[PDB]
file final-v4.cif (mmCIF, C-alpha atoms)
data_structure
loop_
_atom_site.group_PDB
_atom_site.id
_atom_site.type_symbol
_atom_site.label_atom_id
_atom_site.label_comp_id
_atom_site.auth_asym_id
_atom_site.auth_seq_id
_atom_site.Cartn_x
_atom_site.Cartn_y
_atom_site.Cartn_z
ATOM 1 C CA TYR A 522 34.342 -6.589 1.958
ATOM 2 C CA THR A 523 33.071 -3.841 -0.367
ATOM 3 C CA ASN A 524 32.482 -0.394 1.191
ATOM 4 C CA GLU A 525 29.800 1.492 -0.757
ATOM 5 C CA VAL A 526 26.812 3.538 0.393
ATOM 6 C CA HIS A 527 23.611 1.448 0.468
ATOM 7 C CA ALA A 528 20.411 3.535 0.024
ATOM 8 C CA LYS A 529 18.179 2.443 2.902
ATOM 9 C CA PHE A 530 14.788 3.993 2.087
ATOM 10 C CA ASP A 531 13.004 5.892 -0.682
ATOM 11 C CA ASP A 532 9.989 6.292 1.617
ATOM 12 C CA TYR A 533 10.211 9.225 3.998
ATOM 13 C CA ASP A 534 7.645 8.061 6.585
ATOM 14 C CA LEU A 535 9.079 4.563 6.894
ATOM 15 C CA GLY A 536 12.685 5.808 6.900
ATOM 16 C CA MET A 537 11.868 8.323 9.694
ATOM 17 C CA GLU A 538 10.159 5.627 11.755
ATOM 18 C CA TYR A 539 13.097 3.190 11.380
ATOM 19 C CA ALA A 540 15.551 5.981 12.387
ATOM 20 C CA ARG A 541 13.408 6.842 15.382
ATOM 21 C CA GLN A 542 13.352 3.191 16.566
ATOM 22 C CA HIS A 543 17.093 2.875 16.022
ATOM 23 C CA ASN A 544 18.102 6.273 17.558
ATOM 24 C CA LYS A 545 19.750 7.473 14.378
ATOM 25 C CA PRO A 546 19.775 10.821 12.594
ATOM 26 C CA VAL A 547 18.533 10.931 9.005
ATOM 27 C CA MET A 548 20.110 12.171 5.820
ATOM 28 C CA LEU A 549 17.690 13.384 3.144
ATOM 29 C CA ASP A 550 19.189 13.071 -0.301
ATOM 30 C CA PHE A 551 17.117 14.999 -2.850
ATOM 31 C CA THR A 552 18.252 13.394 -6.063
ATOM 32 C CA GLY A 553 17.196 12.314 -9.556
ATOM 33 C CA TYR A 554 17.658 9.231 -11.729
ATOM 34 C CA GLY A 555 19.177 11.427 -14.467
ATOM 35 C CA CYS A 556 20.863 13.969 -12.198
ATOM 36 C CA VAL A 557 24.421 14.504 -13.475
ATOM 37 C CA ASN A 558 25.797 16.163 -10.330
ATOM 38 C CA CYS A 559 24.194 13.610 -7.994
ATOM 39 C CA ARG A 560 26.034 10.903 -9.882
ATOM 40 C CA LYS A 561 29.284 12.916 -9.813
ATOM 41 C CA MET A 562 28.883 13.234 -5.984
ATOM 42 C CA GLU A 563 28.200 9.490 -5.711
ATOM 43 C CA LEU A 564 31.378 8.616 -7.642
ATOM 44 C CA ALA A 565 33.801 11.274 -6.279
ATOM 45 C CA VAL A 566 32.733 11.518 -2.650
ATOM 46 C CA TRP A 567 30.418 8.624 -1.605
ATOM 47 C CA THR A 568 33.035 6.072 -2.701
ATOM 48 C CA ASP A 569 35.418 7.419 -0.060
ATOM 49 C CA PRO A 570 35.653 4.739 2.705
ATOM 50 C CA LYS A 571 35.173 7.195 5.562
ATOM 51 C CA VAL A 572 32.158 8.921 3.980
ATOM 52 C CA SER A 573 30.591 5.587 3.094
ATOM 53 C CA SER A 574 30.992 4.199 6.637
ATOM 54 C CA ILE A 575 29.433 7.230 8.268
ATOM 55 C CA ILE A 576 26.413 7.189 5.959
ATOM 56 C CA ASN A 577 25.952 3.404 6.174
ATOM 57 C CA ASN A 578 26.544 3.046 9.884
ATOM 58 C CA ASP A 579 25.535 6.270 11.595
ATOM 59 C CA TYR A 580 22.733 7.714 9.463
ATOM 60 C CA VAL A 581 19.536 6.488 7.957
ATOM 61 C CA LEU A 582 19.716 7.515 4.320
ATOM 62 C CA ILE A 583 16.448 8.467 2.607
ATOM 63 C CA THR A 584 16.829 9.011 -1.143
ATOM 64 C CA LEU A 585 14.125 11.350 -2.459
ATOM 65 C CA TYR A 586 13.925 11.090 -6.258
ATOM 66 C CA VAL A 587 12.395 14.298 -7.574
ATOM 67 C CA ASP A 588 11.915 12.634 -11.004
ATOM 68 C CA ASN A 589 10.153 9.515 -9.705
ATOM 69 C CA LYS A 590 7.181 8.724 -12.021
ATOM 70 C CA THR A 591 5.233 6.522 -9.580
ATOM 71 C CA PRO A 592 1.648 7.861 -9.509
ATOM 72 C CA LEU A 593 0.334 9.371 -6.296
ATOM 73 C CA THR A 594 -2.744 7.431 -5.082
ATOM 74 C CA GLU A 595 -4.735 10.439 -6.196
ATOM 75 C CA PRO A 596 -3.569 13.773 -7.600
ATOM 76 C CA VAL A 597 -3.037 16.728 -5.273
ATOM 77 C CA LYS A 598 -3.783 20.278 -6.306
ATOM 78 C CA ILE A 599 -1.513 22.777 -4.604
ATOM 79 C CA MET A 600 -1.124 26.545 -4.749
ATOM 80 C CA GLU A 601 2.471 27.689 -5.169
ATOM 81 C CA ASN A 602 3.319 31.351 -5.828
ATOM 82 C CA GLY A 603 1.085 32.113 -7.189
ATOM 83 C CA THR A 604 -0.970 29.632 -9.231
ATOM 84 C CA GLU A 605 -2.483 26.119 -9.134
ATOM 85 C CA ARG A 606 -0.249 23.081 -9.676
ATOM 86 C CA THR A 607 -1.383 19.484 -9.830
ATOM 87 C CA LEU A 608 1.011 17.041 -8.097
ATOM 88 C CA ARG A 609 0.588 13.639 -9.755
ATOM 89 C CA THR A 610 3.676 11.604 -9.009
ATOM 90 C CA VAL A 611 5.899 10.874 -6.031
ATOM 91 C CA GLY A 612 8.582 12.946 -7.806
ATOM 92 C CA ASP A 613 6.214 15.952 -8.041
ATOM 93 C CA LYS A 614 5.525 15.439 -4.332
ATOM 94 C CA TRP A 615 9.228 15.599 -3.390
ATOM 95 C CA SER A 616 10.085 18.529 -5.720
ATOM 96 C CA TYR A 617 7.274 20.464 -4.028
ATOM 97 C CA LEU A 618 8.239 19.584 -0.471
ATOM 98 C CA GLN A 619 11.955 20.383 -1.061
ATOM 99 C CA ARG A 620 10.876 23.912 -2.112
ATOM 100 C CA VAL A 621 8.313 24.598 0.633
ATOM 101 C CA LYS A 622 10.254 23.002 3.505
ATOM 102 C CA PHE A 623 13.909 23.708 2.633
ATOM 103 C CA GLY A 624 13.693 26.690 0.218
ATOM 104 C CA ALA A 625 15.631 24.780 -2.442
ATOM 105 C CA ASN A 626 14.873 23.213 -5.771
ATOM 106 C CA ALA A 627 18.368 21.935 -6.595
ATOM 107 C CA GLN A 628 19.807 18.404 -6.771
ATOM 108 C CA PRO A 629 22.058 17.086 -5.287
ATOM 109 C CA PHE A 630 20.755 18.530 -1.993
ATOM 110 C CA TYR A 631 21.570 16.852 1.349
ATOM 111 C CA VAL A 632 19.836 17.692 4.630
ATOM 112 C CA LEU A 633 20.715 16.132 8.003
ATOM 113 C CA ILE A 634 17.778 15.948 10.389
ATOM 114 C CA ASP A 635 16.906 14.541 13.779
ATOM 115 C CA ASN A 636 13.857 12.406 14.553
ATOM 116 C CA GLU A 637 11.540 15.435 14.808
ATOM 117 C CA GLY A 638 12.749 16.869 11.487
ATOM 118 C CA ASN A 639 15.019 19.566 13.041
ATOM 119 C CA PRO A 640 18.033 20.300 10.796
ATOM 120 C CA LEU A 641 21.374 19.147 12.307
ATOM 121 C CA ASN A 642 23.592 21.277 10.037
ATOM 122 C CA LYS A 643 23.143 23.677 7.127
ATOM 123 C CA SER A 644 22.344 21.917 3.818
ATOM 124 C CA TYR A 645 25.066 20.638 1.450
ATOM 125 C CA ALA A 646 24.742 20.850 -2.322
ATOM 126 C CA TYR A 647 27.168 20.010 -5.145
ATOM 127 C CA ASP A 648 30.793 20.151 -3.950
ATOM 128 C CA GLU A 649 33.295 17.332 -4.560
ATOM 129 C CA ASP A 650 35.410 18.200 -1.514
ATOM 130 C CA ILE A 651 35.679 14.888 0.467
ATOM 131 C CA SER A 652 36.967 16.384 3.716
ATOM 132 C CA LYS A 653 34.355 19.165 3.626
ATOM 133 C CA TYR A 654 31.628 16.510 3.211
ATOM 134 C CA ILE A 655 33.050 14.484 6.137
ATOM 135 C CA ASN A 656 32.971 17.570 8.334
ATOM 136 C CA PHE A 657 29.339 18.087 7.216
ATOM 137 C CA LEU A 658 28.377 14.496 8.298
ATOM 138 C CA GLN A 659 30.362 14.476 11.564
ATOM 139 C CA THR A 660 29.025 17.865 12.613
ATOM 140 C CA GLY A 661 25.423 16.678 12.078
ATOM 141 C CA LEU A 662 26.187 13.551 14.053
ATOM 142 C CA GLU A 663 27.578 15.468 17.015
ATOM 143 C CA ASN A 664 24.607 17.899 16.980
ATOM 144 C CA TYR A 665 22.351 14.833 17.079
ATOM 145 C CA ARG A 666 24.235 13.270 19.997
ATOM 146 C CA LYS A 667 24.124 16.576 21.935
ATOM 147 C CA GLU A 668 20.295 16.236 21.973
ATOM 148 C CA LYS A 669 20.624 13.229 24.313
ATOM 149 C CA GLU B 525 -20.815 16.344 3.371
ATOM 150 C CA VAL B 526 -17.406 15.526 4.898
ATOM 151 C CA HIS B 527 -14.979 16.291 2.033
ATOM 152 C CA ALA B 528 -11.806 14.141 2.215
ATOM 153 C CA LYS B 529 -8.806 16.463 1.783
ATOM 154 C CA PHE B 530 -5.744 14.214 1.454
ATOM 155 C CA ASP B 531 -4.745 10.589 1.125
ATOM 156 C CA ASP B 532 -1.054 11.612 1.429
ATOM 157 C CA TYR B 533 0.229 12.033 4.968
ATOM 158 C CA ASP B 534 3.240 14.255 4.170
ATOM 159 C CA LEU B 535 1.328 16.684 1.877
ATOM 160 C CA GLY B 536 -1.662 16.764 4.275
ATOM 161 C CA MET B 537 0.642 17.542 7.208
ATOM 162 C CA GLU B 538 2.373 20.340 5.243
ATOM 163 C CA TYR B 539 -0.943 21.850 4.186
ATOM 164 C CA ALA B 540 -2.163 21.753 7.832
ATOM 165 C CA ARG B 541 1.053 23.449 9.021
ATOM 166 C CA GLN B 542 0.667 26.134 6.325
ATOM 167 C CA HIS B 543 -2.946 26.732 7.382
ATOM 168 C CA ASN B 544 -2.510 26.455 11.143
ATOM 169 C CA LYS B 545 -4.961 23.558 11.559
ATOM 170 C CA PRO B 546 -4.872 20.321 13.511
ATOM 171 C CA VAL B 547 -4.980 17.030 11.582
ATOM 172 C CA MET B 548 -7.344 14.102 11.811
ATOM 173 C CA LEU B 549 -5.878 10.802 10.686
ATOM 174 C CA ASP B 550 -8.587 8.425 9.522
ATOM 175 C CA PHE B 551 -7.379 4.801 9.254
ATOM 176 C CA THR B 552 -9.878 3.293 6.960
ATOM 177 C CA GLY B 553 -10.382 0.944 3.998
ATOM 178 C CA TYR B 554 -12.197 0.868 0.662
ATOM 179 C CA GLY B 555 -13.822 -2.388 1.708
ATOM 180 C CA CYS B 556 -14.367 -1.472 5.328
ATOM 181 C CA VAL B 557 -18.038 -1.945 6.320
ATOM 182 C CA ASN B 558 -17.662 -0.462 9.846
ATOM 183 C CA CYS B 559 -15.912 2.588 8.356
ATOM 184 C CA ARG B 560 -18.927 3.109 6.072
ATOM 185 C CA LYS B 561 -21.330 2.592 9.003
ATOM 186 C CA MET B 562 -19.463 5.128 11.126
ATOM 187 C CA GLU B 563 -19.445 7.627 8.225
ATOM 188 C CA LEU B 564 -23.200 7.111 7.719
ATOM 189 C CA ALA B 565 -24.123 7.213 11.433
ATOM 190 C CA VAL B 566 -21.867 10.088 12.583
ATOM 191 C CA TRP B 567 -20.235 12.048 9.670
ATOM 192 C CA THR B 568 -23.683 12.852 8.289
ATOM 193 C CA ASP B 569 -24.359 15.001 11.374
ATOM 194 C CA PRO B 570 -24.179 18.711 10.368
ATOM 195 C CA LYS B 571 -22.077 19.706 13.368
ATOM 196 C CA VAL B 572 -19.647 16.786 12.950
ATOM 197 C CA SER B 573 -19.119 17.454 9.226
ATOM 198 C CA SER B 574 -18.799 21.175 9.791
ATOM 199 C CA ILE B 575 -16.033 20.614 12.405
ATOM 200 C CA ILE B 576 -14.162 18.097 10.221
ATOM 201 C CA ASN B 577 -14.526 20.233 7.047
ATOM 202 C CA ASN B 578 -13.717 23.636 8.592
ATOM 203 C CA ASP B 579 -11.455 23.025 11.570
ATOM 204 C CA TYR B 580 -9.368 19.921 10.726
ATOM 205 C CA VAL B 581 -7.319 18.700 7.854
ATOM 206 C CA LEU B 582 -8.628 15.179 7.206
ATOM 207 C CA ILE B 583 -6.113 12.599 6.016
ATOM 208 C CA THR B 584 -7.690 9.328 4.934
ATOM 209 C CA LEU B 585 -5.217 6.448 5.201
ATOM 210 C CA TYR B 586 -6.549 3.396 3.320
ATOM 211 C CA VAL B 587 -4.971 0.252 4.709
ATOM 212 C CA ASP B 588 -6.138 -1.850 1.757
ATOM 213 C CA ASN B 589 -4.718 0.580 -0.818
ATOM 214 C CA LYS B 590 -3.060 -1.492 -3.547
ATOM 215 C CA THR B 591 -0.927 1.348 -5.018
ATOM 216 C CA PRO B 592 2.644 -0.057 -5.027
ATOM 217 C CA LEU B 593 5.430 1.588 -2.966
ATOM 218 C CA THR B 594 8.355 2.879 -5.089
ATOM 219 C CA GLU B 595 10.268 -0.140 -3.776
ATOM 220 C CA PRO B 596 9.358 -2.818 -1.245
ATOM 221 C CA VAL B 597 10.412 -2.317 2.382
ATOM 222 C CA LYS B 598 11.483 -5.058 4.760
ATOM 223 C CA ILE B 599 10.439 -4.561 8.365
ATOM 224 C CA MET B 600 11.121 -6.299 11.656
ATOM 225 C CA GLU B 601 8.110 -6.459 13.981
ATOM 226 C CA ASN B 602 7.474 -8.148 17.305
ATOM 227 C CA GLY B 603 9.739 -9.731 16.202
ATOM 228 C CA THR B 604 9.292 -11.117 12.673
ATOM 229 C CA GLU B 605 10.337 -10.020 9.169
ATOM 230 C CA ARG B 606 7.685 -8.805 6.718
ATOM 231 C CA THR B 607 7.863 -7.104 3.330
ATOM 232 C CA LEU B 608 5.695 -4.040 2.709
ATOM 233 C CA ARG B 609 4.816 -3.526 -0.973
ATOM 234 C CA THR B 610 1.802 -1.218 -1.209
ATOM 235 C CA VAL B 611 0.749 2.120 0.325
ATOM 236 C CA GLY B 612 -1.790 0.041 2.322
ATOM 237 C CA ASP B 613 0.890 -2.231 3.844
ATOM 238 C CA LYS B 614 2.774 0.944 4.827
ATOM 239 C CA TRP B 615 -0.264 2.432 6.677
ATOM 240 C CA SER B 616 -1.290 -0.895 8.260
ATOM 241 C CA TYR B 617 2.213 -1.174 9.648
ATOM 242 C CA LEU B 618 2.471 2.469 10.774
ATOM 243 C CA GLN B 619 -0.956 2.251 12.447
ATOM 244 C CA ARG B 620 0.429 -0.582 14.594
ATOM 245 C CA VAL B 621 3.898 0.695 15.504
ATOM 246 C CA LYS B 622 2.882 4.351 16.001
ATOM 247 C CA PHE B 623 -0.643 4.034 17.498
ATOM 248 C CA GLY B 624 -0.817 0.477 18.829
ATOM 249 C CA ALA B 625 -3.912 -0.260 16.781
ATOM 250 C CA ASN B 626 -4.663 -2.726 13.990
ATOM 251 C CA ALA B 627 -8.396 -2.132 13.296
ATOM 252 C CA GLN B 628 -10.443 0.327 11.198
ATOM 253 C CA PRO B 629 -12.088 2.796 11.491
ATOM 254 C CA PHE B 630 -9.489 4.375 13.820
ATOM 255 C CA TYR B 631 -9.238 8.186 14.272
ATOM 256 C CA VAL B 632 -6.293 10.123 15.712
ATOM 257 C CA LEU B 633 -6.205 13.902 16.185
ATOM 258 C CA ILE B 634 -2.696 15.347 15.963
ATOM 259 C CA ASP B 635 -0.934 18.693 15.985
ATOM 260 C CA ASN B 636 1.513 19.891 13.348
ATOM 261 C CA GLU B 637 4.428 18.140 15.060
ATOM 262 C CA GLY B 638 2.487 14.866 15.204
ATOM 263 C CA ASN B 639 1.654 14.972 18.933
ATOM 264 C CA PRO B 640 -1.826 13.478 19.665
ATOM 265 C CA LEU B 641 -4.392 16.021 20.893
ATOM 266 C CA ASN B 642 -6.730 13.474 22.530
ATOM 267 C CA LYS B 643 -7.234 9.755 23.149
ATOM 268 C CA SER B 644 -7.871 8.120 19.764
ATOM 269 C CA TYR B 645 -11.376 7.034 18.753
ATOM 270 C CA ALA B 646 -12.455 3.689 17.273
ATOM 271 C CA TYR B 647 -15.866 2.355 16.271
ATOM 272 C CA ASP B 648 -18.670 3.942 18.295
ATOM 273 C CA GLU B 649 -21.789 5.409 16.700
ATOM 274 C CA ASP B 650 -22.468 8.023 19.416
ATOM 275 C CA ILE B 651 -22.677 11.454 17.754
ATOM 276 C CA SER B 652 -22.234 13.393 21.048
ATOM 277 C CA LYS B 653 -19.162 11.444 22.088
ATOM 278 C CA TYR B 654 -17.671 11.995 18.619
ATOM 279 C CA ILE B 655 -18.402 15.750 18.765
ATOM 280 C CA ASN B 656 -16.693 15.797 22.243
ATOM 281 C CA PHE B 657 -13.664 13.964 20.832
ATOM 282 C CA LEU B 658 -13.355 16.542 18.027
ATOM 283 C CA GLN B 659 -13.948 19.674 20.182
ATOM 284 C CA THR B 660 -11.528 18.485 22.853
ATOM 285 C CA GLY B 661 -8.846 17.889 20.228
ATOM 286 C CA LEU B 662 -9.576 21.354 18.812
ATOM 287 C CA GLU B 663 -9.494 22.995 22.261
ATOM 288 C CA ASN B 664 -6.186 21.244 22.954
ATOM 289 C CA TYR B 665 -4.727 22.473 19.670
ATOM 290 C CA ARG B 666 -5.757 26.100 20.234
ATOM 291 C CA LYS B 667 -4.026 26.008 23.666
ATOM 292 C CA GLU B 668 -0.502 25.389 22.234
ATOM 293 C CA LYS B 669 -0.997 28.737 20.695
#
call {"tool": "encode", "arguments": {"input": "final-v4.cif", "output": "structure tokens"}}
result
Amino acid sequence: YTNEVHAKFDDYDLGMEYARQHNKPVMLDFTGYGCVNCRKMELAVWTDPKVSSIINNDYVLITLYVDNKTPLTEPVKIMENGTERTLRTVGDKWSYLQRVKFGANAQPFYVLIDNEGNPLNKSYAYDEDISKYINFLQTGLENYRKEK
Amino acid sequence: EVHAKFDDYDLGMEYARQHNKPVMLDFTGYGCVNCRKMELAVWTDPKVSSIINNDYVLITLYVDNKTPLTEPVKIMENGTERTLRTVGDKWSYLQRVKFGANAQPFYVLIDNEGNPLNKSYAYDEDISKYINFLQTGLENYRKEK
């Protein structure tokens, strides 16, 4: 018996498909290998037994590392206000999509979504308040359940 | 002639949403002879290539792509455990569970929410039928609108 959050997927498409088959909501965790505040969140909040259970049991966690160096199969040239940028790594890919889809470039950044990508709560960033985080998770969960 | 826009599903889908276009998924392979035959017999047609290049966002999903995933993924399927390790294993698997198909070439036309805009299309070298497939998908897209 050792209650700690287990990161399910790093891959968005496969995580979304698993969640869909298992009728679970998804938590997107935009994070970084060297992200100080992500790690502070992990140690101060994720280690709480109630938070850990909810994330492990009720959500499909997808950890999106914005500093992941894994090469993209081929590079992708994008236009972002207002010049060319070449996306080369998985990390570049996720930094870019966080900005264009959620209007944020910060980590930690948590987004609760349903199986069609609709947000289930407002986003949560860095805040070590355990009960506020629990409210954030339970609210998303109930908004998900109210879809069915 | 037909210029392949994206290999990456998520970035291709976001570009298509930003540009208000439907998406064509092309399940294919580097070593896929029937994919090459289909490209040579049908994509070389001026009207086909014009529709693909101007009206769709093409996403080429190579099922034999060896690029490693960030970390392997264990999957349960029908109903046995398998470990996916490369981008190609990912797209092979997703082709099966999402579209009920395991062969290439396989084409799916989808809207920006991922809803299919037509029956999918497999290997058939009929230019007219392929034009009809594309135009129908395009007509269906423009109707949600």
call {"tool": "resolve_selection", "arguments": {"input": "final-v4.cif", "expression": "the PyMOL selection byres ((chain B) within 9 of (chain A))", "output": "PyMOL selection string"}}
result
chain B and resi 530-535+538-539+589+591-595+597+599+611+614+618+621-622+637
call {"tool": "residues_around", "arguments": {"input": "final-v4.cif", "residues": "residue 564 of chain B", "least_positions_apart": "6", "cutoff": "12 Å", "atoms": "all atoms listed in the file", "output": "MDAnalysis selection string"}}
result
chainID B and resid 525:526 557:558 570 572:573 648:651
call {"tool": "resolve_selection", "arguments": {"input": "final-v4.cif", "expression": "the PyMOL selection byres ((chain A and resi 577) around 9)", "output": "MDAnalysis selection string"}}
result
chainID A and resid 525:529 572:576 578:582
call {"tool": "resolve_selection", "arguments": {"input": "final-v4.cif", "expression": "the PyMOL selection byres ((chain A and resi 651-660) around 12)", "output": "JSON, numbers by chain"}}
result
{"A": [546, 547, 548, 549, 562, 563, 564, 565, 566, 567, 568, 569, 570, 571, 572, 573, 574, 575, 576, 577, 578, 579, 580, 581, 582, 631, 632, 633, 634, 640, 641, 642, 643, 644, 645, 646, 647, 648, 649, 650, 661, 662, 663, 664, 665, 666, 667]}
call {"tool": "atom_distance", "arguments": {"input": "final-v4.cif", "atom1": "atom CA of residue 639 of chain B", "atom2": "atom CA of residue 576 of chain B"}}
result
18.3 Å
call {"tool": "residues_around", "arguments": {"input": "final-v4.cif", "residues": "segment 550-555 of chain B", "least_positions_apart": "4", "cutoff": "12 Å", "atoms": "only C-alpha atoms", "output": "ChimeraX atom specification"}}
result
/B:528-533,559-563,576,580-590,611-620,623,625-634,644-647
call {"tool": "residues_around", "arguments": {"input": "final-v4.cif", "residues": "residue 550 of chain A", "least_positions_apart": "4", "cutoff": "6 Å", "atoms": "only C-alpha atoms", "output": "list in words"}}
result
residues 584, 585, 630 and 631 of chain A
call {"tool": "atom_distance", "arguments": {"input": "final-v4.cif", "atom1": "atom CA of residue 596 of chain B", "atom2": "atom CA of residue 623 of chain A"}}
result
27.2 Å
call {"tool": "atom_distance", "arguments": {"input": "final-v4.cif", "atom1": "atom CA of residue 561 of chain A", "atom2": "atom CA of residue 629 of chain A"}}
result
9.5 Å
call {"tool": "closest_residue", "arguments": {"input": "final-v4.cif", "among": "B:659, B:604, B:636, B:542", "to": "residue 574 of chain B", "atoms": "all atoms listed in the file"}}
result
B:659
